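Trainee:
Protein chains in written order, with UniProt numbering: chain D, 250 to 298; chain A, 150 to 199; chain R, 19 to 145.
#1: Any beta carbon from chain A within less than 9 Å of residue 281/D's own beta carbon?
#2: In the DSSP assignment, the alpha helix (DSSP H) including residue 96/R goes from what residue to what residue?
#3: Which of the three DSSP states is assigned to residue 91/R in this structure?
#4: Consult DSSP for residue 196/A and reduce its assignment to one of helix, strand or coil.
#5: Quick one: which chain A residues come within Cβ less than 9 Å of residue 261/D?
#6: Considering residue 292/D, what are the terminal residues of the beta strand (DSSP E) in which it resides?
#7: If residue 28/R and residue 161/A are in contact, beta carbons under 8 Å, what's the gap, nearest whole angstrom?
#8: Classify residue 100/R: buried if its beta carbon has 16 or more other beta carbons within 10 angstroms, exposed otherwise.
#9: Quick one: what's residue 165/A bridged to in DSSP?
#10: I want to verify the contact list: residues of chain A whose CB lies under 7 Å from the CB of residue 53/R, in sequence order.
#11: Give the residues of chain D in contact with residue 61/R, contact being defined as C-beta atoms less than 8 Å apart.
#12: How do the stretch 32–41 of chain R and the stretch 190–199 of chain A stand: do at least 3 beta-carbon pairs fall below 8 Å, yes or no?
#13: For a test of the three-state rule: what should DSSP assign to residue 74/R, helix, strand or coil?
#14: Decide if residue 46/R is buried, meaning its Cβ has at least 16 other Cβ atoms within 10 Å, or exposed.
#15: Got a sec? Which residues, its chain only, sit under 8 Å from residue 253/D by beta carbon, not counting five neighbours each side?
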């Protein structure tokens, strides 16, 4: 759970998953992004469970 | 289940503490910085390994 | 007073040694600040490149929407989107390269500072 989008580390394990939850009280900024080792890019993807 | 510890860099004279499950598992004191050998001590990867 | 002369000179060894140690402390600390600045620059580059990505989502989306209702399709209709996607790729390549130049400048500055500290320590030692 990382508050802001920029809080994500520049590099991470390939399968890592992080949720933004920007506001923590509104559903406007809730989405998940997973890292991509080979491309070195955080890709928005479907959430866990 | 898991977490990460992003290391932006190292600054001389500071202390690094990692608190997990109520325990200060990791404690490192970067030297003052007078010796050139402290370059490894302040290096991001060397500090992450330590 | 030979002892007085020895004490005075011993103070010079103390002056030069602590002066040299401080030269390394100041040079080593400045380098860390430059490294942190480079990291912050990388973060800023990432943020602006993400903004470029988000604009791309809407841009290529509109190209697909209009080229999708046109009723023409073909090779020219795909060349329209291909050229557009390329512009975004090149623009991001420039953000990723402006960062490389800045990091190179920081690298050169750090080497210059280290060499200056080295020369100053040689001067101190030479007495």
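All C-beta atoms, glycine included, are put in the ideal place defined by N, C-alpha and C.
Mentor: In terms of the structure at hand:
#1: As a working note, residue 281/D is residue 32 in the first chain. No - not a single Cβ of chain A is within 9 Å of the one on residue 281/D.
#2: Stepping through the third chain from its first residue, residue 96/R is reached at position 78. Residue 96/R -> alpha helix (DSSP H) spans 94–144.
#3: As a working mapping, residue 91/R is identified with position 73 in the third chain. Residue 91/R: coil per DSSP, three-state reduction.
#4: As a working note, residue 196/A is residue 47 in the second chain. Note: residue 196/A maps to helix in three-state DSSP.
#5: Start at 1 with the first residue of the first chain, and residue 261/D comes out as number 12. Residues of chain A passing the Cβ test: 153, 155.
#6: Mapped onto the first chain, residue 292/D falls at position 43. Unbroken beta strand (DSSP E) run through residue 292/D: 290–293.
#7: Along the third chain, one-based indexing puts residue 28/R at 10. Along the second chain, one-based indexing puts residue 161/A at 12. The Cβ separation is near 29 Å, so there is no contact.
#8: As a working note, residue 100/R is residue 82 in the third chain. So residue 100/R ends up on the exposed side.
#9: Counted from its first residue, the second chain places residue 165/A at position 16. Residue 165/A pairs with 177/A.
#10: As a working mapping, residue 53/R is identified with position 35 in the third chain. Residues of chain A passing the Cβ test: 158.
#11: The residue you call residue 61/R lines up with position 43 of the third chain. Within 8 Å Cβ-Cβ: 255, 259.
#12: no
#13: As a working note, residue 74/R is residue 56 in the third chain. Note: residue 74/R maps to helix in three-state DSSP.
#14: Walking along the third chain from the start, residue 46/R turns up at place 28. It counts as buried.
#15: As a working note, residue 253/D is residue 4 in the first chain. Within the same chain, residue 253/D has close Cβ partners 269, 271.
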